[PDB]
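Structure file my_file05.csv (CSV, C-alpha atoms and all ligand atoms) follows.
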```csv
chain,number,residue,atom,x,y,z
A,6,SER,CA,106.5,-91.4,-47.2
A,7,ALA,CA,107.9,-89.0,-44.6
A,8,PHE,CA,107.2,-91.7,-42.0
A,9,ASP,CA,110.1,-93.8,-43.6
A,10,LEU,CA,112.6,-91.0,-43.1
A,11,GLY,CA,115.7,-92.1,-41.3
A,12,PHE,CA,116.0,-90.3,-37.9
A,13,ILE,CA,117.7,-87.0,-38.4
A,14,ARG,CA,121.1,-86.3,-36.8
A,15,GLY,CA,121.7,-83.0,-38.4
A,16,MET,CA,123.5,-79.6,-38.3
A,17,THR,CA,122.8,-76.2,-39.9
A,18,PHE,CA,125.7,-74.7,-41.8
A,19,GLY,CA,126.8,-71.3,-43.1
A,20,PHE,CA,124.2,-68.9,-41.8
A,21,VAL,CA,123.6,-66.1,-42.9
A,22,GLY,CA,125.1,-67.0,-46.2
A,23,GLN,CA,126.7,-63.7,-47.1
A,24,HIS,CA,127.9,-63.5,-50.8
A,25,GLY,CA,131.2,-65.2,-51.4
A,26,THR,CA,131.5,-66.8,-48.0
A,27,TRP,CA,130.7,-70.4,-49.0
A,28,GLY,CA,133.1,-70.3,-52.0
A,29,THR,CA,136.0,-70.1,-49.7
A,30,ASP,CA,138.5,-72.8,-48.7
A,31,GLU,CA,137.6,-72.0,-45.1
A,32,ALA,CA,134.0,-73.0,-45.8
A,33,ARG,CA,135.1,-76.3,-47.6
A,34,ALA,CA,137.2,-77.1,-44.6
A,35,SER,CA,134.5,-76.3,-42.2
A,36,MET,CA,132.0,-78.6,-44.1
A,37,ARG,CA,134.6,-81.4,-44.0
A,38,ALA,CA,134.8,-81.0,-40.3
A,39,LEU,CA,131.0,-81.1,-39.9
A,40,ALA,CA,130.9,-84.4,-41.9
A,41,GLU,CA,133.4,-85.9,-39.5
A,42,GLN,CA,130.7,-85.6,-36.8
A,43,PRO,CA,128.1,-88.3,-36.5
A,44,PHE,CA,125.6,-86.4,-38.6
A,45,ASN,CA,123.5,-87.8,-41.5
A,46,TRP,CA,122.1,-84.4,-42.5
A,47,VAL,CA,123.2,-80.8,-43.1
A,48,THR,CA,121.0,-77.8,-43.7
A,49,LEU,CA,122.4,-75.0,-45.9
A,50,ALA,CA,120.8,-71.9,-44.4
A,51,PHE,CA,121.0,-68.3,-45.7
A,52,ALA,CA,119.0,-65.1,-45.5
A,53,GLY,CA,117.7,-62.5,-48.1
A,54,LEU,CA,117.2,-59.0,-46.7
A,55,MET,CA,114.2,-56.7,-46.3
A,56,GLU,CA,115.0,-53.1,-45.7
A,57,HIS,CA,112.5,-53.0,-42.9
A,58,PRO,CA,109.8,-55.3,-41.3
A,59,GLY,CA,107.1,-53.3,-43.2
A,60,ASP,CA,108.8,-53.1,-46.6
A,61,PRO,CA,107.5,-55.9,-49.0
A,62,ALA,CA,110.7,-56.0,-51.0
A,63,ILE,CA,113.2,-58.8,-50.4
A,64,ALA,CA,116.8,-58.7,-51.7
A,65,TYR,CA,118.2,-62.1,-52.5
A,66,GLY,CA,121.0,-63.5,-54.7
A,67,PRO,CA,124.3,-61.8,-55.3
A,68,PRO,CA,125.5,-59.3,-53.9
A,69,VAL,CA,123.6,-60.0,-50.7
A,70,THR,CA,123.5,-63.8,-50.5
A,71,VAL,CA,125.7,-66.6,-51.6
A,72,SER,CA,125.3,-67.2,-55.3
A,73,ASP,CA,123.4,-70.2,-56.8
A,74,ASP,CA,126.9,-71.6,-57.7
A,75,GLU,CA,128.0,-71.3,-54.1
A,76,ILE,CA,124.9,-73.2,-53.0
A,77,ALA,CA,125.5,-75.9,-55.6
A,78,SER,CA,129.2,-76.1,-54.6
A,79,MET,CA,128.4,-76.7,-50.9
A,80,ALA,CA,125.5,-79.2,-51.7
A,81,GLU,CA,127.9,-81.1,-54.0
A,82,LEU,CA,130.6,-81.2,-51.3
A,83,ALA,CA,128.1,-82.3,-48.6
A,84,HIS,CA,126.7,-85.1,-50.9
A,85,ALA,CA,130.2,-86.3,-51.8
A,86,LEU,CA,130.7,-86.6,-48.0
A,87,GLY,CA,127.6,-88.8,-47.6
A,88,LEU,CA,125.3,-86.2,-46.1
A,89,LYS,CA,121.7,-85.5,-47.0
A,90,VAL,CA,121.1,-81.8,-47.6
A,91,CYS,CA,118.2,-79.5,-46.7
A,92,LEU,CA,118.1,-76.1,-48.4
A,93,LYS,CA,116.8,-73.4,-46.1
A,94,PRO,CA,116.4,-69.9,-47.6
A,95,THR,CA,114.9,-67.4,-45.2
A,96,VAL,CA,114.5,-63.6,-44.7
A,97,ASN,CA,116.2,-61.1,-42.3
A,98,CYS,CA,115.7,-57.4,-41.8
A,99,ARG,CA,118.6,-55.0,-42.2
A,100,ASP,CA,117.6,-53.1,-39.0
A,101,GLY,CA,117.8,-56.4,-37.0
A,102,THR,CA,114.0,-56.9,-36.6
A,103,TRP,CA,113.1,-60.6,-36.1
A,104,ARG,CA,111.4,-62.0,-39.2
A,105,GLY,CA,108.6,-63.4,-37.0
A,106,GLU,CA,107.4,-59.8,-36.4
A,107,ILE,CA,107.1,-58.5,-40.0
A,108,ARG,CA,103.9,-56.5,-40.3
A,109,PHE,CA,101.9,-54.7,-43.1
A,110,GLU,CA,99.1,-52.2,-42.4
A,111,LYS,CA,97.4,-53.5,-45.6
A,112,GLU,CA,96.4,-57.0,-46.6
A,113,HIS,CA,95.9,-56.7,-50.4
A,114,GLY,CA,97.5,-54.8,-53.4
A,115,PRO,CA,100.7,-55.6,-55.2
A,116,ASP,CA,102.1,-52.0,-55.4
A,117,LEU,CA,101.2,-51.2,-51.8
A,118,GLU,CA,103.0,-52.0,-48.5
A,119,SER,CA,100.8,-55.1,-48.3
A,120,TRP,CA,100.9,-58.8,-47.3
A,121,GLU,CA,100.0,-59.7,-50.9
A,122,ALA,CA,103.0,-57.7,-52.2
A,123,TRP,CA,105.3,-59.3,-49.5
A,124,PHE,CA,104.2,-62.8,-50.3
A,125,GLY,CA,104.8,-62.0,-54.0
A,126,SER,CA,108.5,-61.3,-53.3
A,127,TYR,CA,108.8,-64.1,-50.8
A,128,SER,CA,107.2,-66.7,-53.2
A,129,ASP,CA,109.5,-65.5,-56.0
A,130,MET,CA,112.5,-66.2,-53.7
A,131,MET,CA,111.2,-69.6,-52.5
A,132,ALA,CA,110.3,-70.7,-56.0
A,133,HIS,CA,113.8,-69.8,-57.2
A,134,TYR,CA,115.5,-71.7,-54.4
A,135,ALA,CA,113.2,-74.7,-54.7
A,136,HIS,CA,114.4,-75.0,-58.3
A,137,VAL,CA,118.0,-74.8,-57.0
A,138,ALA,CA,117.2,-77.5,-54.5
A,139,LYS,CA,115.9,-79.7,-57.3
A,140,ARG,CA,118.8,-79.1,-59.7
A,141,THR,CA,121.3,-79.8,-56.8
A,142,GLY,CA,119.6,-82.9,-55.5
A,143,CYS,CA,118.8,-81.5,-52.1
A,144,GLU,CA,116.7,-84.2,-50.2
A,145,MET,CA,114.7,-81.5,-48.3
A,146,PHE,CA,113.5,-77.9,-48.7
A,147,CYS,CA,112.4,-75.7,-45.9
A,148,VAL,CA,109.7,-73.2,-47.1
A,149,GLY,CA,109.9,-70.9,-44.1
A,150,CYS,CA,111.3,-70.3,-40.7
A,151,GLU,CA,109.7,-68.6,-37.6
A,152,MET,CA,107.2,-66.5,-39.6
A,153,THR,CA,104.8,-66.1,-36.8
A,154,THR,CA,103.0,-63.0,-38.1
A,155,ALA,CA,102.8,-64.5,-41.6
A,156,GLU,CA,101.3,-67.7,-40.4
A,157,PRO,CA,97.6,-66.6,-40.2
A,158,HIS,CA,97.8,-65.8,-43.9
A,159,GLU,CA,97.0,-69.3,-44.6
A,160,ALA,CA,95.8,-69.0,-48.3
A,161,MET,CA,99.0,-67.2,-49.2
A,162,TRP,CA,101.1,-69.8,-47.5
A,163,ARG,CA,99.3,-72.5,-49.4
A,164,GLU,CA,99.9,-70.5,-52.6
A,165,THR,CA,103.6,-70.3,-51.8
A,166,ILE,CA,103.9,-74.0,-51.1
A,167,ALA,CA,101.9,-75.0,-54.2
A,168,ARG,CA,104.4,-73.1,-56.3
A,169,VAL,CA,107.3,-74.7,-54.5
A,170,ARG,CA,105.8,-78.2,-55.3
A,171,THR,CA,105.8,-77.4,-59.1
A,172,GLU,CA,109.6,-76.6,-58.8
A,173,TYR,CA,110.7,-79.3,-56.3
A,174,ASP,CA,110.0,-83.0,-55.8
A,175,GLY,CA,111.7,-83.7,-52.5
A,176,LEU,CA,110.6,-83.5,-48.9
A,177,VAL,CA,109.1,-80.2,-47.9
A,178,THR,CA,108.9,-78.8,-44.3
A,179,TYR,CA,107.9,-75.5,-42.7
A,180,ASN,CA,109.8,-74.5,-39.5
A,181,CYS,CA,107.6,-72.7,-37.0
A,182,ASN,CA,108.9,-71.0,-33.8
A,183,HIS,CA,108.8,-72.7,-30.5
A,184,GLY,CA,105.2,-72.5,-29.1
A,185,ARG,CA,103.7,-72.3,-32.5
A,186,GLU,CA,103.5,-76.0,-33.4
A,187,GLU,CA,99.8,-76.3,-32.3
A,188,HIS,CA,98.8,-73.0,-33.9
A,189,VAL,CA,99.9,-73.4,-37.6
A,190,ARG,CA,96.9,-74.3,-39.8
A,191,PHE,CA,98.7,-75.5,-43.0
A,192,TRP,CA,100.6,-78.5,-41.7
A,193,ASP,CA,98.7,-80.7,-44.2
A,194,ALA,CA,100.4,-78.8,-47.0
A,195,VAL,CA,104.0,-80.0,-46.0
A,196,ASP,CA,105.5,-83.4,-45.4
A,197,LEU,CA,107.1,-82.9,-42.0
A,198,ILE,CA,106.2,-80.6,-39.2
A,199,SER,CA,109.2,-78.8,-37.8
A,200,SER,CA,110.1,-76.2,-35.2
A,201,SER,CA,112.8,-74.0,-33.7
A,202,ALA,CA,112.7,-75.8,-30.4
A,203,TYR,CA,114.5,-73.3,-28.3
A,204,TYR,CA,112.9,-74.6,-25.0
A,205,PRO,CA,114.5,-73.5,-21.8
A,206,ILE,CA,116.1,-76.3,-19.9
A,207,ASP,CA,113.3,-76.6,-17.3
A,208,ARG,CA,110.5,-76.6,-20.0
A,209,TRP,CA,111.4,-79.7,-22.0
A,210,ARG,CA,109.5,-82.3,-20.0
A,211,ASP,CA,106.3,-80.3,-19.9
A,212,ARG,CA,106.4,-79.5,-23.6
A,213,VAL,CA,106.9,-83.1,-25.0
A,214,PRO,CA,103.2,-84.1,-24.6
A,215,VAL,CA,102.0,-81.3,-26.8
A,216,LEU,CA,104.6,-82.1,-29.5
A,217,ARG,CA,103.3,-85.7,-29.5
A,218,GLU,CA,99.7,-84.5,-29.7
A,219,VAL,CA,100.5,-82.1,-32.6
A,220,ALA,CA,102.2,-84.9,-34.6
A,221,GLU,CA,99.4,-87.4,-33.9
A,222,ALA,CA,96.6,-84.9,-34.6
A,223,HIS,CA,98.1,-83.9,-38.0
A,224,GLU,CA,99.2,-87.5,-38.8
A,225,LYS,CA,102.7,-86.2,-39.7
A,226,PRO,CA,106.1,-86.8,-38.3
A,227,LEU,CA,107.7,-83.9,-36.3
A,228,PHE,CA,111.3,-82.8,-36.0
A,229,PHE,CA,113.3,-79.9,-34.8
A,230,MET,CA,114.6,-77.8,-37.8
A,231,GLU,CA,116.5,-75.7,-35.3
A,232,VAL,CA,117.6,-76.5,-31.8
A,233,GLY,CA,120.7,-75.3,-29.9
A,234,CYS,CA,122.1,-73.1,-27.1
A,235,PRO,CA,124.9,-70.6,-26.9
A,236,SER,CA,127.8,-71.5,-24.6
A,237,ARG,CA,127.2,-68.4,-22.4
A,238,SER,CA,126.3,-68.1,-18.8
A,239,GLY,CA,122.5,-68.3,-18.2
A,240,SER,CA,121.8,-69.1,-21.9
A,241,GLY,CA,120.0,-72.4,-21.0
A,242,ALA,CA,117.1,-70.3,-19.7
A,243,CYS,CA,116.7,-68.5,-23.0
A,244,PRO,CA,118.4,-70.6,-25.7
A,245,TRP,CA,116.9,-68.5,-28.6
A,246,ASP,CA,118.9,-65.4,-27.4
A,247,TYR,CA,122.0,-65.0,-29.6
A,248,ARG,CA,123.1,-61.7,-28.0
A,249,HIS,CA,123.0,-62.9,-24.4
A,250,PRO,CA,124.8,-60.7,-22.0
A,251,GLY,CA,127.0,-63.3,-20.3
A,252,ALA,CA,130.5,-64.8,-20.2
A,253,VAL,CA,131.5,-67.9,-22.1
A,254,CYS,CA,130.2,-71.0,-20.2
A,255,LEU,CA,130.8,-74.3,-22.0
A,256,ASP,CA,128.9,-76.4,-19.4
A,257,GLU,CA,125.7,-74.4,-19.7
A,258,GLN,CA,125.5,-75.4,-23.4
A,259,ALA,CA,126.1,-79.1,-22.4
A,260,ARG,CA,123.4,-78.8,-19.8
A,261,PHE,CA,120.9,-77.7,-22.5
A,262,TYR,CA,121.7,-80.7,-24.7
A,263,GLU,CA,121.5,-83.2,-21.7
A,264,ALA,CA,118.0,-81.8,-20.8
A,265,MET,CA,116.8,-82.1,-24.4
A,266,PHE,CA,118.0,-85.6,-24.9
A,267,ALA,CA,116.7,-86.7,-21.5
A,268,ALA,CA,113.2,-85.3,-22.4
A,269,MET,CA,112.7,-86.7,-25.9
A,270,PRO,CA,111.1,-90.1,-26.1
A,271,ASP,CA,112.0,-92.9,-28.5
A,272,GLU,CA,108.7,-92.9,-30.4
A,273,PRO,CA,107.9,-93.1,-34.1
A,274,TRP,CA,106.3,-89.6,-34.5
A,275,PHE,CA,109.6,-87.9,-33.6
A,276,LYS,CA,112.1,-87.7,-36.4
A,277,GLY,CA,115.1,-85.9,-34.8
A,278,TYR,CA,117.3,-82.9,-34.6
A,279,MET,CA,118.7,-80.3,-37.0
A,280,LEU,CA,121.2,-78.6,-34.7
A,281,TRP,CA,121.9,-74.8,-34.7
A,282,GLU,CA,124.6,-74.1,-35.9
A,283,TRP,CA,127.9,-74.5,-37.6
A,284,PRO,CA,129.9,-71.5,-39.0
A,285,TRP,CA,131.3,-71.3,-42.6
A,286,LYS,CA,134.5,-70.0,-40.8
A,287,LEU,CA,135.2,-72.6,-38.2
A,288,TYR,CA,137.6,-71.8,-35.3
A,289,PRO,CA,140.4,-74.2,-34.4
A,290,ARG,CA,139.4,-76.7,-31.7
A,291,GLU,CA,142.0,-75.1,-29.3
A,292,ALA,CA,140.0,-71.8,-29.4
A,293,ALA,CA,136.8,-73.6,-28.4
A,294,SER,CA,137.0,-72.8,-24.6
A,295,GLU,CA,136.9,-69.1,-25.6
A,296,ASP,CA,133.9,-69.4,-27.9
A,297,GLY,CA,130.4,-68.2,-26.8
A,298,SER,CA,128.5,-69.2,-30.1
A,299,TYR,CA,125.9,-71.9,-30.8
A,300,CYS,CA,128.6,-74.1,-32.3
A,301,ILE,CA,129.3,-77.3,-30.3
A,302,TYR,CA,132.8,-77.9,-32.0
A,303,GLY,CA,135.6,-78.5,-29.5
A,304,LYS,CA,133.2,-78.2,-26.6
A,305,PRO,CA,131.7,-80.6,-24.1
A,306,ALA,CA,128.4,-80.5,-26.0
A,307,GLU,CA,130.2,-82.1,-28.9
A,308,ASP,CA,130.6,-85.3,-26.8
A,309,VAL,CA,127.1,-85.2,-25.4
A,310,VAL,CA,125.8,-85.0,-29.0
A,311,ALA,CA,128.2,-87.6,-30.4
A,312,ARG,CA,127.3,-90.0,-27.6
A,313,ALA,CA,123.7,-89.4,-28.2
A,314,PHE,CA,123.9,-89.5,-32.0
A,315,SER,CA,126.3,-92.5,-32.1
A,316,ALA,CA,124.0,-94.4,-29.8
A,317,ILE,CA,121.1,-93.7,-32.3
A,318,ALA,CA,123.0,-94.7,-35.4
A,319,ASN,CA,124.8,-97.8,-33.9
A,320,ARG,CA,121.4,-99.1,-32.7
B,1,LIG,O1,119.1,-67.3,-32.0
B,1,LIG,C1,119.3,-68.4,-32.7
B,1,LIG,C2,118.5,-68.5,-34.0
B,1,LIG,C3,117.0,-68.6,-33.7
B,1,LIG,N1,116.3,-68.8,-35.0
B,1,LIG,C4,116.5,-67.9,-36.1
B,1,LIG,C5,118.0,-67.5,-36.3
B,1,LIG,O2,118.1,-66.3,-37.0
B,1,LIG,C6,118.7,-67.3,-35.0
B,1,LIG,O3,120.1,-67.3,-35.3
B,1,LIG,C7,121.0,-66.2,-35.1
B,1,LIG,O4,120.7,-65.6,-36.4
B,1,LIG,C8,121.3,-64.3,-36.6
B,1,LIG,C9,120.9,-63.7,-37.9
B,1,LIG,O5,119.5,-63.6,-38.1
B,1,LIG,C10,122.8,-64.4,-36.4
B,1,LIG,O6,123.3,-63.1,-36.4
B,1,LIG,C11,123.2,-65.2,-35.1
B,1,LIG,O7,124.6,-65.3,-35.2
B,1,LIG,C12,122.5,-66.5,-35.0
B,1,LIG,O8,122.9,-67.4,-36.1
```
Have the structure of the file written as structure tokens, please.
Ligand SMILES: OC[C@H]1CNC[C@@H](O)[C@@H]1O[C@@H]1O[C@H](CO)[C@@H](O)[C@H](O)[C@@H]1O
Amino acid sequence: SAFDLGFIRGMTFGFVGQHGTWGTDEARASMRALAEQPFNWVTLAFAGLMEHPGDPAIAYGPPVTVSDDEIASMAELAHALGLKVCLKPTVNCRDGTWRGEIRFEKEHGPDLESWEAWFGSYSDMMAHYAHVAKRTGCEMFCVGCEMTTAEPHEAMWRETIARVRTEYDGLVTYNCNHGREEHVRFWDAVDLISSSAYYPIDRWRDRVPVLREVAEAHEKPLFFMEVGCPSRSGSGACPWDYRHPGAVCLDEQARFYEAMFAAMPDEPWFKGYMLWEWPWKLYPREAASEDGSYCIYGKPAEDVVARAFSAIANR
């Protein structure tokens, strides 16, 4: 039962998972550092590529992504360090279009620029990596991330998930974007509801009640498969924006984490936090004060999180 899952104190690693990058000594060192934090989970996240948001072809595997061996190598390392592992393949667009906005002028037809064709490629990709997750003992598999335009294609999502279930016996989640939790119609097909909970600092309190209602309505636990904030000025107001025009501001990131932890209640429907994110090439701690990324390492947010996560664990 998903209801039995230990509360998640997690971190996403390695995105976007470019070929060869996880096979490095730098990546192994970065994973060792991640496991020294009070985390019980890591998510191995990487992205295949679509040429454009209206092209149904998806390039995955070498030379674009980390190899299956690289995946296995990082999973084995994480497991040897006592972490549970979620595998999260997703898709990006080479022109930089958000995957939540992919669009096809046609619905059906495998050889056409259609949703049917796109789901064919996507499902091939997910089926392959579900098998990898099974062969490498990954405790969770994430079947999608922020696919807002794809979500209404419910029958096709259910087809995708059914195929994943034949290839993989562990926990399955789908990760919707913030504000989509109540709109997704196939939560029954997965084990855990999850979201990219990039809520601005001032929105947390008002949003919790809907999160509770979604979990209770669907009789499923809910967690955050992504949550985080860049350490840049003003970023707390738009935590999802990774190219925010502002100077480094460590305290802003720490303010995001305080607001989130202050808002979330200690209730059974809520299963925790998969933080965004940790790089395969980790900067020295000294260099932290100069870093504007989502990474919390070496920053005041590291302590806010440690304090919060250590309190949870040692309870
Ligand atoms: O802005 C933070 C997240 C929100 N959810 C999806 C994810 O893609 C996004 O991360 C950025 O991802 C891009 C690549 O798609 C990467 O260039 C950035 O450095 C962030 O990791």
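Remark: for ligand LIG 1 (chain B), the closest of the candidate residues A:157, A:101, A:270, A:184 is A:101 (distances computed over all atoms listed in the file).
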What residues of the protein or nucleic acid chains come within 10 Å of ligand LIG 1 (chain B) when you use all atoms listed in the file? Reply as a PyMOL selection string. chain A and resi 17-22+50-52+95-99+101-105+150-151+180-183+200-203+230-235+243-249+281-284+298-300
I need the residue nearest residue 276 of chain A from this list: A:148, A:90, A:197, A:215. Use all atoms listed in the file for the distance.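 Distance minimum relative to residue 276 of chain A lands on A:197.
Note that the spacing between atom CA of residue 253 of chain A and atom CA of residue 290 of chain A amounts to 15.2 Å.
Atom CA of residue 27 of chain A is found 27.9 Å from atom CA of residue 262 of chain A.
With only C-alpha atoms as the atoms that count, the minimum distance from residue 117 of chain A to the choices A:138, A:10, A:76, A:62 is reached by A:62.
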Of the candidates A:77, A:63, A:71, A:227, which one gets nearest to residue 140 of chain A if we count all atoms listed in the file?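 Checking each candidate against residue 140 of chain A, we get A:77 as the closest.
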As AutoDock Vina command-line options, what would the box around segment 250-261 of chain A look like: edges along x, y and z, 3 Å added on every side, centre and edge lengths in Å to one decimal?
```
--center_x 126.2 --center_y -69.9 --center_z -21.4 --size_x 16.6 --size_y 24.4 --size_z 10.0
```
Near residue 79 of chain A, counting all atoms listed in the file, which residues have an atom at most 9 Å away, once you skip same-chain residues fewer than 5 positions from it, shown as a short mmCIF file (atom, residue, chain, number, x, y, z; two decimals) with C-alpha atoms, in the coordinates of the input?
```cif
data_model
loop_
_atom_site.label_atom_id
_atom_site.label_comp_id
_atom_site.auth_asym_id
_atom_site.auth_seq_id
_atom_site.Cartn_x
_atom_site.Cartn_y
_atom_site.Cartn_z
CA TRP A 27 130.70 -70.40 -49.00
CA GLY A 28 133.10 -70.30 -52.00
CA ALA A 32 134.00 -73.00 -45.80
CA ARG A 33 135.10 -76.30 -47.60
CA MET A 36 132.00 -78.60 -44.10
CA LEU A 49 122.40 -75.00 -45.90
CA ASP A 74 126.90 -71.60 -57.70
CA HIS A 84 126.70 -85.10 -50.90
#
```
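With atom CA of residue 250 of chain A on one side and atom CA of residue 291 of chain A on the other, the separation reads 23.6 Å.
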Protein, DNA and RNA residues within 12 Å of (95.7, -77.0, -41.4), only C-alpha atoms, as a PDB file with C-alpha atoms, in the coordinates of the input:
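In the end it all went to point_13.pdb:
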```pdb
ATOM      1  CA  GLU A 156     101.300 -67.700 -40.400  1.00  0.00           C
ATOM      2  CA  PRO A 157      97.600 -66.600 -40.200  1.00  0.00           C
ATOM      3  CA  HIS A 158      97.800 -65.800 -43.900  1.00  0.00           C
ATOM      4  CA  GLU A 159      97.000 -69.300 -44.600  1.00  0.00           C
ATOM      5  CA  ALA A 160      95.800 -69.000 -48.300  1.00  0.00           C
ATOM      6  CA  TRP A 162     101.100 -69.800 -47.500  1.00  0.00           C
ATOM      7  CA  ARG A 163      99.300 -72.500 -49.400  1.00  0.00           C
ATOM      8  CA  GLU A 186     103.500 -76.000 -33.400  1.00  0.00           C
ATOM      9  CA  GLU A 187      99.800 -76.300 -32.300  1.00  0.00           C
ATOM     10  CA  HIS A 188      98.800 -73.000 -33.900  1.00  0.00           C
ATOM     11  CA  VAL A 189      99.900 -73.400 -37.600  1.00  0.00           C
ATOM     12  CA  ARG A 190      96.900 -74.300 -39.800  1.00  0.00           C
ATOM     13  CA  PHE A 191      98.700 -75.500 -43.000  1.00  0.00           C
ATOM     14  CA  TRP A 192     100.600 -78.500 -41.700  1.00  0.00           C
ATOM     15  CA  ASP A 193      98.700 -80.700 -44.200  1.00  0.00           C
ATOM     16  CA  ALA A 194     100.400 -78.800 -47.000  1.00  0.00           C
ATOM     17  CA  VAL A 195     104.000 -80.000 -46.000  1.00  0.00           C
ATOM     18  CA  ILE A 198     106.200 -80.600 -39.200  1.00  0.00           C
ATOM     19  CA  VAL A 219     100.500 -82.100 -32.600  1.00  0.00           C
ATOM     20  CA  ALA A 222      96.600 -84.900 -34.600  1.00  0.00           C
ATOM     21  CA  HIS A 223      98.100 -83.900 -38.000  1.00  0.00           C
ATOM     22  CA  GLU A 224      99.200 -87.500 -38.800  1.00  0.00           C
ATOM     23  CA  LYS A 225     102.700 -86.200 -39.700  1.00  0.00           C
TER      24      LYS A 225
END
```
If we count only C-alpha atoms, what is near residue 313 of chain A at a cut-off of 9 Å, once residues fewer than 5 positions away on the same chain are taken out, given as number ranges by chain? A: 266, 308, 318
Would you mind exporting C-alpha atoms of the selected residues as a PDB file, in the coordinates of the input?
```pdb
ATOM      1  CA  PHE A 266     118.000 -85.600 -24.900  1.00  0.00           C
ATOM      2  CA  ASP A 308     130.600 -85.300 -26.800  1.00  0.00           C
ATOM      3  CA  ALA A 318     123.000 -94.700 -35.400  1.00  0.00           C
TER       4      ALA A 318
END
```
Counting all atoms listed in the file, which of A:309, A:213, A:91, A:130 gets nearest to residue 64 of chain A?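 Distance minimum relative to residue 64 of chain A lands on A:130.
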From the list A:68, A:277, A:289, A:305, which residue is nearest residue 26 of chain A when using only C-alpha atoms?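 Of A:68, A:277, A:289, A:305, the one nearest residue 26 of chain A is A:68, counting only C-alpha atoms.
Close contacts of residue 165 of chain A, defined as residues with an atom at most 9 Å away when counting all atoms listed in the file, with chain neighbours fewer than 2 positions off set aside, comprise residues 124, 125, 127, 128, 129, 131, 132, 148, 160, 161, 162, 163, 167, 168, 169 and 170 of chain A.
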Near residue 43 of chain A, within 7 Å and counting all atoms listed in the file, which residues show up once chain neighbours fewer than 3 positions away are dropped, as a PyMOL selection string? chain A and resi 311+314-315
Would you pick out the contacts of residue 141 of chain A at 8 Å or less, using all atoms listed in the file, so that residues sharing its chain but fewer than 4 positions from it are not included, and give the list as a PyMOL selection string? chain A and resi 77+80-81+137
Preceding selection exported with C-alpha atoms as an mmCIF file, in the frame of the given file:
```cif
data_model
loop_
_atom_site.group_PDB
_atom_site.id
_atom_site.type_symbol
_atom_site.label_atom_id
_atom_site.label_comp_id
_atom_site.auth_asym_id
_atom_site.auth_seq_id
_atom_site.Cartn_x
_atom_site.Cartn_y
_atom_site.Cartn_z
ATOM 1 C CA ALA A 77 125.500 -75.900 -55.600
ATOM 2 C CA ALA A 80 125.500 -79.200 -51.700
ATOM 3 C CA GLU A 81 127.900 -81.100 -54.000
ATOM 4 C CA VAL A 137 118.000 -74.800 -57.000
#
```
